[PDB]
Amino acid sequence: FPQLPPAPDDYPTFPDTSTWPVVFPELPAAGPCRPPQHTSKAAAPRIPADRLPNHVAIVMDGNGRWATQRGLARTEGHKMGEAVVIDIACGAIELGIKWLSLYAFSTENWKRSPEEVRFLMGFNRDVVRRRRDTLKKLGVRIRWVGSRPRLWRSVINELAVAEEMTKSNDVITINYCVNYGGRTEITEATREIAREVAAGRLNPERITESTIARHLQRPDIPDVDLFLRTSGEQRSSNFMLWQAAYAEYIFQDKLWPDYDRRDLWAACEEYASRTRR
């Protein structure tokens, strides 16, 4: 039962949405720190290890519907979404999930207005810079997954720093997927394979499903167990395409800025129920 037990009543909480960016609380010093509990003070459900998803992937959908209901720009929905990412990371640690893949920026987003794309590049750069120390302290290992063309060098470089600083952590790994597309990533694995073949380092007849797996950008990513998408949308949208071929999908109706760790836990309790059915 790999859950952290309920925090003491007085242990720090997260998120305090009275400031933007939300200020992550000081924690008592431990190794990694125990993450703050949710503001509701709910505790993670008891799910046995062999029924827990090892790897959860999340498409964080609904930020513009959320902002539209409030007469705000979509960028306000993105802003509120930053604290939900952190809260979900805290929740995932409390529950004992080991891998979390987050679809921060699809290759499809290049169709959005250039002003919004520029905001999202800047914003993802800033989130990583602003949260890198908090992630390090909680024992998160983070790194970039995605494709290089068009992506701002500053975002790649900022994740590269957070990956270097968190390389030894092992409480949870977050794949922070930026300019990511599943077909694109498989096509890059195939290009790599092709380079190795043009070079005579690899025999085409030896190519198997493992060869593709070994040549993906991050070959250490395990299969996705549980694939989640918010806002009621029931598509995988090319996210973790290779890795989620055998995933279970749980499509939830809440909009991402309204989501919190208790919703992640409820999807994980459902996933654990289906290990029986």
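Note that the rigid core is defined as the largest set of C-alphas that superpose within 1.5 Å between two forms. Residue positions are given as counts along the sequence shown, with the first one as 1.
- [ ] Once the rigid core is lined up, would you tell me whether 213-221 or 63-71 has the higher RMS CA deviation in 4 other deposited structures of this protein?
- [x] Larger mean C-alpha displacement, comparing 213-221 and 63-71 in 4 other deposited structures of this protein, is found in 63-71.
Open item on the list: Missing residues between residue 30 and residue 31 in the deposited sequence, please: none, 1 to 3, 4 to 9, or 10 or more.
Closed with: In the record, 1 to 3 residues between residue 30 and residue 31 lack coordinates.
TODO: Report the stretch with the higher mean CA temperature factor, choosing between 47-55 and 244-252 on the basis of the entry.
DONE: For C-alpha atoms only, the mean B-factor is higher in 47-55.
TODO: Give the stretch, out of 199-207 and 186-194, with the larger mean C-alpha temperature factor in the deposited entry.
DONE: The stretch with the larger average C-alpha B-factor is 199-207.
TODO: Tell me, please, which of 69, 234, 217, 63 has the highest C-alpha B factor according to the deposited entry?
DONE: So the option with the highest C-alpha B-factor is 69.
TODO: Using the B-factor values recorded in the entry, state whether the Cα atom of residue 229 falls in the lowest, middle or highest third among the modelled residues of its chain.
DONE: Residue 229: CA B-factor falls in the lowest third of its chain.
- [ ] Rank-wise, by C-alpha B-factor, drop residue 168 into the lowest, middle or highest third of its chain.
- [x] Highest third, going by the recorded CA B-factors of the chain.
Open item on the list: What third of the chain does residue 259 rank in for C-alpha temperature factor, lowest, middle or highest?
Closed with: According to the entry, residue 259 has a C-alpha B-factor in the chain's lowest third.
Open item on the list: How does the C-alpha B factor of residue 124 compare with the rest of the chain: lowest, middle or highest third?
Closed with: It falls in the middle third of the chain.
- [ ] Just say lowest, middle or highest third for the CA B-factor of residue 37 relative to the other modelled residues in its chain.
- [x] Answer is middle: the recorded C-alpha B-factor places it there.
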